[PDB]
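J.: Just dropping this structure here.
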Amino acid sequence: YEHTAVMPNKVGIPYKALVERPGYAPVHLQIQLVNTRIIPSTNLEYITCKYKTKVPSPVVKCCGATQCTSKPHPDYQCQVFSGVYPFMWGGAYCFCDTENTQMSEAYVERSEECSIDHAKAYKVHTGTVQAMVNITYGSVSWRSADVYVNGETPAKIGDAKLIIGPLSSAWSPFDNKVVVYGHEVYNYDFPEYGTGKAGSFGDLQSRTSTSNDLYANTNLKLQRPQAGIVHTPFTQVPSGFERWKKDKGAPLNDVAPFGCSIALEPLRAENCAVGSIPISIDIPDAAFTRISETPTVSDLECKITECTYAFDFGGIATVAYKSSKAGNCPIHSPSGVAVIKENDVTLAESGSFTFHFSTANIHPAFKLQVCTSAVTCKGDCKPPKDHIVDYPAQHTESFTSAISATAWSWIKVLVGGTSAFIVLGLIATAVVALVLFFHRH
Amino acid sequence: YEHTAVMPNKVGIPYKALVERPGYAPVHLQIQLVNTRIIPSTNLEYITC
């Protein structure tokens, strides 16, 4: 038997339902989620790290001049300085006074720390969604298996085939372009490998972690060596990756709404709570019993001894039955006013059992069924003493769940008697037309 | 759990109350005084004999 219904996209809260099959006793079906992963499809554009400009040794022409060729190198710079006349250890180096040439060639490469700390630039394209569901029905125990959240894939868990329906919203926390640095991800824009502003983020872009190609602008500029010493001095703007690591916002795993935990190695977005998930589970008939197998119950009276407003299970009710024989049949509340903590019960010959519930109403008006026989429960509830707790809400909050009986009666005379007061005023007009018409004849 | 009330200022008469924690059984409570001493602050000025 198939069972198709809808489910809120929650992790901790189970989904309790009863399957109504004609000619068979109803069975208890419980669905619980464990994880909920949103996995986009990403492609790496480039990586970024701090640079390191190595300077080769210069040639010191003693009497003459040289030139240089445009060597293929990232941010390669060249100049020629004349009349240097350098001094080394042990006297001067050249002989021609005020007629010399120093090379001073510089070149930019990536650092040796680039294999450890780097930022990877990704482009996010919408991908797949998968989750993990816990399955139990009847007397079969809890078991779990991974499913795929789409509209097509059948997942066989246990003996039943479950199709998890698609999400009701395509909301994803990721932007078009994300950057991954170490443990956390960010929503940051890129210079897109063609640009780089020499001090901001893309002053060293390499297409992969070991690429021979390397784009790097760093505003490198060679300066003149001074006073007769041999060195190559340069001048460049500082690192844009180093500047990014200080002037940096909050990561996406501290900013993302709906409680989206963000993991790394397939770049998922775990345990978001948005939308609804439809289901379709084909329960086998081997877990179904006939009407003659189950014991019928009668003479049901339910009394709520104590109720509390909090979203712990703070409502206790005792109900006395009169069954035909001993047995075990599940209980369930179909309405959304109350959820029920236990599923089955130990029946006897005209006993009484207690069940724990958790509502969000001042006056609950739910009903529950035991061995396909209904009984209505009602009572009053008190507010809880606590202000802040560490566990989420087991129930659900409706529009009319906060209205007490005194305030419900107060609005029943401000729209009940007042709207009926215009009925008195309208019929006085309707009879003054009749009493004036009768004056003529 | 915290329970607040008002007891009278009598010595031998015990105060009885029933605390009501929700979800739990009530617990009897009994507070009784033994002494009640008012101690003013004094400073000696002189003695006489």
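Line by line, the protein sequences give chains G and A.
So the first sequence is residues 1 to 441, counted in the entry's author numbering.
So the second sequence is residues 1 to 49, counted in the entry's author numbering.
Even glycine gets a Cβ: it sits at the ideal position worked out from N, Cα and C.
If you follow the beta strand (DSSP E) that G:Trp142 is in, where does it begin and where does it stop?
T.: On the first sequence, residue 142 of chain G is found 142 positions in, with the first residue counted as 1. Counting along the chain, the beta strand (DSSP E) containing G:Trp142 begins and ends at 140 to 148.
J.: Taking only the alpha-carbon atoms, compute the straight-line gap between residue 442 of chain G and G:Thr69 and give it to the nearest angstrom.
T.: For chain G, the structure presents residues 1 to 441; residue 442 of chain G sits outside this window and is missing.
J.: Which bits of chain A does G:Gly314 rub up against, with CB to CB less than 8 Å?
T.: Here the question's residue 314 of chain G lines up with position 314 in the first sequence. Correct list: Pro22, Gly23.
J.: By the DSSP assignment, the alpha helix (DSSP H) with G:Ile427 in it spans what residues?
T.: For the purposes of this step, residue 427 of chain G is taken as residue 427 along the first sequence, with counting starting at 1. Start and end: 417 to 437.
J.: Taking the beta strand (DSSP E) that G:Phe353 belongs to, which residues open and close that run?
T.: For the purposes of this step, residue 353 of chain G is taken as the residue at position 353 of the first sequence. Note, G:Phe353: beta strand (DSSP E), 352 to 359.
J.: Take G:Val11 as the anchor and find which of G:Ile277, G:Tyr24, G:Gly83, G:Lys120 has the nearest alpha-carbon.
T.: As a first step, residue 11 of chain G must be located in the first sequence, where it is residue number 11. The shortest C-alpha separation from G:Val11 is found at G:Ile277.
J.: Near G:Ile229, what residues of its chain come up, given a Cβ to Cβ distance below 7 Å and the 5 sequence neighbours on each side ignored?
T.: Taking the first residue of the first sequence as 1, we reach residue 229 of chain G at position 229. Once the five neighbours on either side are set aside, the close Cβ partners of G:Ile229 are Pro86, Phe87.
J.: Let me check one thing: in DSSP terms, what residues is G:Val129 bridge-paired to?
T.: Taking the first sequence and counting its residues from 1, the one referred to as residue 129 of chain G is at position 129. Residue pairing by DSSP places G:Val129 opposite G:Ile38 in a beta bridge.
J.: Strictly under 7 Å for the Cβ-Cβ distance: is G:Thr308 near chain A by that measure?
T.: As a position in the first sequence, residue 308 of chain G is number 308, starting the count at 1. Yes, because at least one Cβ of chain A sits closer than 7 Å to the Cβ of G:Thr308.
J.: Can you tell me which of the three DSSP states A:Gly23 falls into?
T.: By 1-based counting over the second sequence, the position of residue 23 of chain A is 23. The three-state secondary structure of A:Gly23, taken from DSSP, is coil.
J.: Is G:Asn43 helix, strand or coil when you go by DSSP?
T.: Your numbering for residue 43 of chain G matches position 43 in the first sequence. Three-state DSSP puts G:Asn43 in a strand.
J.: Strictly below 9 Å CB to CB, what residues from chain A border G:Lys382?
T.: Counting from 1 along the first sequence, the entry for residue 382 of chain G is found at position 382. Result: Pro22.
J.: Enumerate in chain order the residues of its own chain whose CB-to-CB distance from G:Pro14 is below 7 Å, with the five nearest sequence positions on each side excluded.
T.: Indexing the first sequence from 1 puts residue 14 of chain G at position 14. Spatial neighbours of G:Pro14 in its own chain (CB-CB distance under 7 Å, excluding positions within 5 residues in sequence) are listed in chain order as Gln30, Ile31, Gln32.
J.: Taking 8 Å as the cut-off, does the region 157 to 172 of chain G touch the region 186 to 196 of chain G (at least 3 CB pairs, one atom from each stretch)?
T.: no
J.: My assumption, with CB atoms under 8 Å, is that G:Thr376 sits in contact with G:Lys367. Please give the rounded CB distance.
T.: Position 376 of the first sequence, counted from the first residue, corresponds to residue 376 of chain G. Position 367 of the first sequence, counted from the first residue, corresponds to residue 367 of chain G. Contact holds; Cβ gap of about 4 Å.
J.: According to DSSP, what are the bridge partners of G:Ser323?
T.: Locating residue 323 of chain G in the first sequence gives position 323, counting from the first residue. G:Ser323 pairs with G:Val297.
J.: Taking the C-alpha atoms as reference points, what is the distance between A:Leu18 and A:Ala25?
T.: Within the second sequence, the letter at position 18 stands for residue 18 of chain A. Within the second sequence, the letter at position 25 stands for residue 25 of chain A. Approximately 10 Å between the Cα atoms of the pair.
J.: Per DSSP, G:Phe87 forms a beta bridge with which residues?
T.: The residue given as residue 87 of chain G occupies position 87 in the first sequence. According to DSSP, residue pairing for G:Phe87 in a beta bridge involves G:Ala92.
J.: Could you pull the start and end residues of the beta strand (DSSP E) that G:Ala160 belongs to?
T.: The residue labelled residue 160 of chain G in the question sits at position 160 within the first sequence. Start and end: 160 to 164.
J.: When DSSP labels each residue in this structure, what does G:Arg110 get in the three-state scheme?
T.: Counting from one through the first sequence, the residue named residue 110 of chain G turns up at place 110. The three-state secondary structure of G:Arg110, taken from DSSP, is strand.
J.: Count the other CB atoms, across all protein chains shown, that sit within 10 Å of the CB of G:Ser239; report buried if there are 16 or more and exposed otherwise.
T.: As a first step, residue 239 of chain G must be located in the first sequence, where it is residue number 239. Buried: at least 16 other Cβ atoms inside 10 Å.
J.: Is the beta carbon of G:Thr48 less than 7 Å from the beta carbon of G:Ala155?
T.: As a position in the first sequence, residue 48 of chain G is number 48, starting the count at 1. As a position in the first sequence, residue 155 of chain G is number 155, starting the count at 1. No, these two residues do not count as a Cβ contact at 7 Å.
J.: Determine the extent of the alpha helix (DSSP H) in which G:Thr406 is found, giving its start and end residues.
T.: Walking along the first sequence from the start, residue 406 of chain G turns up at place 406. Looking at the DSSP string, the run of the alpha helix (DSSP H) that includes G:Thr406 is 405 to 410.
J.: Below 7 Å between beta carbons: does that hold for G:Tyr137 and G:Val34?
T.: The residue labelled residue 137 of chain G in the question sits at position 137 within the first sequence. The residue labelled residue 34 of chain G in the question sits at position 34 within the first sequence. Contact: no.
J.: State the CB to CB distance for the pair G:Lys50 and G:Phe311, rounded to an integer number of angstroms; the pair is presumed to be in contact (CB under 8 Å).
T.: Start at 1 with the first residue of the first sequence, and residue 50 of chain G comes out as number 50. Start at 1 with the first residue of the first sequence, and residue 311 of chain G comes out as number 311. Incorrect: roughly 51 Å between the Cβ atoms, too far for contact.
J.: Since G:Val129 contacts G:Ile38 with CB under 8 Å, what's their CB separation in whole angstroms?
T.: By 1-based counting over the first sequence, the position of residue 129 of chain G is 129. By 1-based counting over the first sequence, the position of residue 38 of chain G is 38. About 5 Å separates the two Cβ atoms, so the contact holds.
J.: Indicate the three-state DSSP secondary structure (helix, strand or coil) for G:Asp282 in the structure shown.
T.: Here residue 282 of chain G corresponds to residue number 282 of the first sequence, with the count starting at 1. Here G:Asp282 sits in strand by DSSP.
J.: Once DSSP output is grouped into helix, strand and coil, what is the label at G:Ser115?
T.: Residue mapping note: residue 115 of chain G aligns to position 115 of the first sequence, counting from 1. Note: G:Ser115 maps to helix in three-state DSSP.
J.: Three-state secondary structure (DSSP) at G:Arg243?
T.: Residue 243 of chain G sits at position 243 when you count from the first residue of the first sequence. Correct three-state label for G:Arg243: helix.
J.: Can you tell me where the beta strand (DSSP E) with G:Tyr181 in it begins and where it stops?
T.: The sequence position of residue 181 of chain G within the first sequence is 181, counting from 1. First-last of the beta strand (DSSP E) with G:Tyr181: 177 to 181.
J.: DSSP three-state label for G:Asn187, please.
T.: Position 187 of the first sequence holds residue 187 of chain G. Here G:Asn187 sits in coil by DSSP.
J.: According to DSSP, G:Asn134 sits in a beta bridge with which residue or residues?
T.: Position 134 of the first sequence holds residue 134 of chain G. BP columns for G:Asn134 point to G:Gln32, G:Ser144.
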